[PDB]
Amino acid sequence: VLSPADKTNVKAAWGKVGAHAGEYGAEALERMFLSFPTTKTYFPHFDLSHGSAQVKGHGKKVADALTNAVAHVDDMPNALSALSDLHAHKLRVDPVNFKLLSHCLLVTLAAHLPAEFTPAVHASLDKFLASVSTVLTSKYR
Amino acid sequence: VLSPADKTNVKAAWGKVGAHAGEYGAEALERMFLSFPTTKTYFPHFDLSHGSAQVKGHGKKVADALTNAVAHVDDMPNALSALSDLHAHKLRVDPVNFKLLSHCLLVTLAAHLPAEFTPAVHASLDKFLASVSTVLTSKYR
Amino acid sequence: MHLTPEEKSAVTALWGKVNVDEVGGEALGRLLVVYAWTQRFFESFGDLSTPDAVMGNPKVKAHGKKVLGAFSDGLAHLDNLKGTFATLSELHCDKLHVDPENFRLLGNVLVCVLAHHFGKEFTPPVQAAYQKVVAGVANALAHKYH
Amino acid sequence: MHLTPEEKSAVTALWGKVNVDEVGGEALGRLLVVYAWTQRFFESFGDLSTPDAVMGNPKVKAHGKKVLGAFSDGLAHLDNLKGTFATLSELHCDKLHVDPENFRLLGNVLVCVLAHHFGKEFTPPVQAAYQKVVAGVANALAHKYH
Ligand code: HEM
Ligand code: HEM
Ligand code: HEM
Ligand code: HEM
């Protein structure tokens, strides 16, 4: 469960992401597809080549859903209900993959936000992404 | 979340287990130690030989806690609170291990309950052990 | 896939008693009932909405038989699982787009199904040997993913 | 270790620029802070109630240096990780009783620390090669568990 300090660390770090959210989202995806090739099984309709517009557009969407989660940190299950339904009933991505995207988003943030990525903030972001994953797989069965 | 039908299925299956709980707990543990040897790192102080009294004794304790969760199925996080604290603050068992014990408990039930272990019951039991594992792991950080 | 001779004997011995057709249908059906998200690959199979719909579905039964037939064939080649399953690995990755985590779920369900059918005979040591075999098959089916 | 020449080369060139003392201390420290339950092995290091206490603890820093030093030596044996880490695998199992899942967690923290230090240079291809190395090391460290 997220503590007050966690919420404060997450809002501040994401705040610094600002207008780069979309770019970072796309970067996290690319890192995931390269590091963990089994994740590509969920995107056979995508051109997965470096710089593809599908990855870019999808990176934006992911990033914006996270922004919404940060903005609604105290009420995530409700703010993400529709995405939660989408992943459970249509996309049906195996739960293990959420940890892989989470790790790649953390690596992206670490690479882009050196001063902000302190040990306590790293901890908070890891817990936040874990919570988001829990919410997104909560209706699977 | 457990559905009404899941709860019914779990009470029925566990009621057939009855006064064998302890024995099945010990078997689940032995199964786990042999199939997944990395789990033994948490029990260096135990005698782990076949028929070990420490293994028998610990089996009963595990089985009793599961019986208690079944008896309080609509209030599990509170019924298991103490155990959640213990696992989080003192034992500090990595969360992956819970999935391994859960699998071995399912194998154990399957091996002893041929008529009750239908597909529907298997599914409900898997969900039940996953919720128990979630509770036991909920205070880790 | 480090199997000891005594483990290999235990695996083969038991397998000789398995009706692959029936066990294949049960394992695949149970996978789809217990881990409902795995149904994403079988929308052409028709009605999968309730347990009886899945378990009695003739297409599930037929696919189960095909899956387990390939698995048995694998038990005859325990020292070369990777070669044995190479073309199937490629197919599952490039054509079917199946996340390999599915092979691990099926492996564990198969272990419960063997436990259900054999009862006592599926002792802790026998299960441990089967756990290595299902992990080995899962790893071989994943080896050609890229 | 199915490592590609361009991949082996990527790992090596980056590593030549790493301050093992700093990175080791930072990796072990972050592990204890991010995954609190890993502190179970380090009760005797002193105070670890806060991130500042963990990160500044001299025994944490020194242990991190020793761990990463052994990791470093392993990078010169990428063709034989199992053989290089065999003794260490036995010790981690037989004497220290460390669940190998811990090795995977440290791997991933390590990767985050490298990205944090190298920024730009830690591109997606370079991360991919390092993920393969970290999993390779974890697997070799777990190889002798029984
Ligand atoms: C933090 C975790 C994640 C979040 C917040 C997230 C969010 C989203 C969003 C916003 C969409 C677009 C829905 C729309 O178009 O309105 C989406 C779709 C999708 N996501 Fe998730 N996702 C996450 C993790 C994953 C992972 C781990 C996978 C599998 C590796 C995955 C696979 C997909 C796929 C295949 C689509 C449909 C893409 C398309 O066809 O355009 N997602 N997700
Ligand atoms: C179904 C999930 C589990 C339940 C219900 C459960 C329940 C319990 C109970 C009742 C105790 C005794 C505490 C007391 O004396 O009051 C205990 C202790 C313990 N548990 Fe858990 N446990 C579970 C899973 C695990 C797993 C996965 C591990 C690691 C493999 C583990 C490791 C331990 C250890 C090492 C002890 C202390 C044993 C001793 O020193 O006597 N448990 N657990
Ligand atoms: C023991 C592991 C498995 C083995 C040995 C296996 C083997 C096979 C074989 C022999 C075929 C037919 C190939 C062909 O049509 O040319 C097949 C097809 C297929 N498999 Fe696998 N399979 C396994 C597990 C799984 C899992 C767990 C899933 C998904 C959850 C899956 C999904 C599929 C699908 C969707 C097809 C094509 C079905 C169709 O004809 O429409 N397989 N598999
Ligand atoms: C990259 C993976 C790792 C490597 C290469 C590594 C290497 C080492 C080395 C070289 C030693 C010194 C042993 C000696 O003096 O004979 C050691 C000790 C130790 N390691 Fe690991 N280690 C790794 C990960 C871990 C992790 C993740 C944990 C637990 C979180 C852990 C727990 C320990 C403990 C408890 C000791 C004994 C410390 C003492 O002397 O009090 N190690 N390790």
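- Method of determination, as given in the entry header: X-ray crystallography; reported resolution: 2.00 Å.

- Going by the annotation in the PDB entry, the name recorded for chain C is Hemoglobin beta chain, with Homo sapiens given as the source organism.
- As recorded by UniProt, the Subunit comment attached to chain C reads in full: "Heterotetramer of two alpha chains and two beta chains in adult hemoglobin A (HbA). Heterotetramer of two zeta chains and two beta chains in hemoglobin Portland-2, detected in fetuses and neonates with homozygous alpha-thalassemia."
- As recorded by UniProt, the Sequence similarities comment attached to chain C reads in full: "Belongs to the globin family."

- The name given to chain A in the PDB entry is Hemoglobin alpha chain, with Homo sapiens as the source organism.
- Taken from UniProt, the Sequence similarities comment for chain A reads in full: "Belongs to the globin family."

### Some details on the overall build of chain A
No. 1: The helix and strand tally for chain A stands at 7 helices and 0 strands.
No. 2: For chain A, the succession of helices and strands along the chain, N to C, is α-α-α-α-α-α-α.
No. 3: Its C-alpha radius of gyration of 14 Å places chain A within 12% of the 14 Å reference for a compact globule of 141 residues.
No. 4: For chain A, buried positions account for 51% of its 141 residues.
No. 5: Within chain A, contacts between residues separated by at least 24 positions form 76% of all contacts whose residues are at least 6 apart in sequence.
No. 6: Just so you have it, chain A exposes about 6,300 Å², and 62% of that area is on carbon and sulfur atoms.
No. 7: When the 14 positive and 12 negative side-chain charges of chain A are each reduced to one mean point, those points stand 4 Å apart.

### A word on the coordination of the iron atom of ligand 2
No. 1: Looking at the iron atom of ligand 2, one finds just one donor atom contributed by the protein, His 87 of chain B (NE2), at 2.2 Å.
No. 2: Among the structural elements, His 87 of chain B can be located in helix α5 (residues 81-91).

### A closer look at the UniProt feature "domain: Globin" in chain C
No. 1: Per the UniProt record, "domain: Globin" is annotated on residues 2-146 of chain C.
No. 2: For residues 2-146 of chain C, the end-to-end C-alpha separation is 25 Å, with 70% helix and 0% strand making up the annotated structure.

### Points about the packing of aromatic side chains
No. 1: Evaluated as defined, the whole model comprises 16 aromatic pairs over all chains.
No. 2: Where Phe 33 of chain A meets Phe 43 of chain A, the ring centres are 5.2 Å apart and the plane angle is 75 degrees; that geometry is what we call edge-to-face. Here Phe 33 of chain A, found in helix α2 (residues 21-35), pairs with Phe 43 of chain A, found in the loop between α2 and α3 (53-71); they are 10 residues apart in sequence, far enough to count as distant. Grouping residues by exposure puts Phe 33 of chain A and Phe 43 of chain A together as buried.
No. 3: Linked through ring pairs, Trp 15, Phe 71, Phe 122 and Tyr 130 of chain C together constitute an aromatic cluster.
No. 4: Seen from the ring of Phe 41 of chain D, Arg 40 of chain D lies directly overhead, with NZ or CZ sitting 5.2 Å from the centre.

### Let's talk about the environment of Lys 60 of chain A
No. 1: You can see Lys 60 of chain A is positioned in helix α3.
No. 2: Between the C-alpha atoms of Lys 60 of chain A and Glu 23 of chain A, which are 37 residues apart in sequence, the distance is 7.0 Å.

### Points about the packing of helix α1 (residues 4-17) of chain B against helix α3 (residues 53-71) of chain B
All names here are of chain B.
No. 1: Two elements in contact, α1 and α3, have axes whose closest approach is 10 Å; the angle formed by their N-to-C orientations is 140 degrees. With respect to α3, the axis of α1 lies oblique. Between α1 and α3 lies a crossing whose hand is left-handed. Between α1 and α3, the residues in contact are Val 10, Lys 11 and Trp 14 and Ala 63, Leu 66, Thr 67, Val 70 and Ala 71, respectively.
No. 2: When grouped by side-chain class, the residues that make up the contact of α1 with α3 number 6 nonpolar, 1 polar and 1 charged.

### Points about the arrangement of the chains
No. 1: Between all 5 pairs of chains that are in contact, chains B and C come out with the most contacts.
No. 2: In this structure chain C stays clear of chain D, and the shortest span between their C-alpha atoms is 11 Å.

### Structural notes on the UniProt feature "binding site: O2" in chain A
Residues and elements named next belong to chain A.
No. 1: This chain's UniProt record puts "binding site: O2" on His 58.
No. 2: Mapped onto the elements of the fold, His 58 is located in helix α3.
No. 3: Take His 58: its relative accessible area is 24%, and that puts it in the partly exposed class.

### Description of the site of ligand 3
Residues and elements named next belong to chain C.
No. 1: Taken together, 16 residues lie around ligand 3, and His 63, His 92, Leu 96, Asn 102 and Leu 141 are the ones closest in.
No. 2: A distance of 3.4 Å separates a nitrogen atom of ligand 3 from a polar side-chain atom of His 63.
No. 3: At 3.1 Å, a side-chain N or O of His 92 approaches a nitrogen atom of ligand 3.
No. 4: For the shell around ligand 3, the elements supplying multiple residues, two or more each, are α4 (58-75), α6 (86-95) and α7 (101-118).
No. 5: Its residues assigned to classes, the shell around ligand 3 comprises 12 nonpolar, 3 polar and 1 charged.

### Some thoughts on the site of ligand 2
Residue and element names in this part refer to chain B.
No. 1: Contacts to ligand 2 come from 14 residues, most closely from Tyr 42, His 45, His 87, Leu 91 and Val 93.
No. 2: Within the side chain of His 45, a nitrogen or oxygen atom sits 2.7 Å from an oxygen atom of ligand 2.
No. 3: One of the side-chain N or O atoms of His 87 is found 3.2 Å from a nitrogen atom in ligand 2.
No. 4: Secondary structure elements with two or more residues in the shell around ligand 2: α3, α5 and α6 (96-112).
No. 5: When the residues that make up the shell around ligand 2 are grouped by side-chain class, the tally is 9 nonpolar, 4 polar and 1 charged.

Reading the values: the criteria
- Residues numbered from 1 in each chain as written, not as in the entry; some residues may be left out.
- Chains lettered and ligands numbered in written order.
- Heavy atoms only, no water.
- UniProt positions renumbered as here; feature names shortened; annotations may be inferred.
- Helix = DSSP H or I, 4+ residues; strand = E, 2+ residues; numbered from the N terminus.
- Rg over C-alpha atoms; globule rule 2.2 N^0.38 Å.
- Buried < 20%, exposed > 50% of the residue type's maximum accessible area, 1.4 Å probe, protein only.
- Contact = heavy atoms within 4.5 Å.
- Areas by Shrake-Rupley, 256 points an atom, 1.4 Å probe, with all protein chains shown as cover.
- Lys, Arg positive; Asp, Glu negative; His and termini not counted.
- Charge placed at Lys NZ, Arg CZ, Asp CG, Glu CD.
- Donors = N, O, S within 2.8 Å, 3.2 Å for Na, K, Ca; no water.
- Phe/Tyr/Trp six-rings, centres within 6.5 Å; stacked < 30°, edge-to-face > 60°.
- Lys NZ or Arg CZ within 6 Å of the ring centre and 35° of its normal.
- Axes fitted to C-alpha atoms, helices over the stretch in contact; angles between N-to-C directions.
- Parallel < 35°, antiparallel > 145°, perpendicular 65-115°, else oblique.
- Left-handed = near helix turned anticlockwise from the far one by under 90°.
- Nonpolar A, V, L, I, M, F, W, Y, C, P; charged D, E, K, R; others polar.
- Near = heavy atom within 4 Å.
- Polar contact = N/O pair within 3.5 Å; in protein donor to acceptor, adjacent residues only side chain to side chain.

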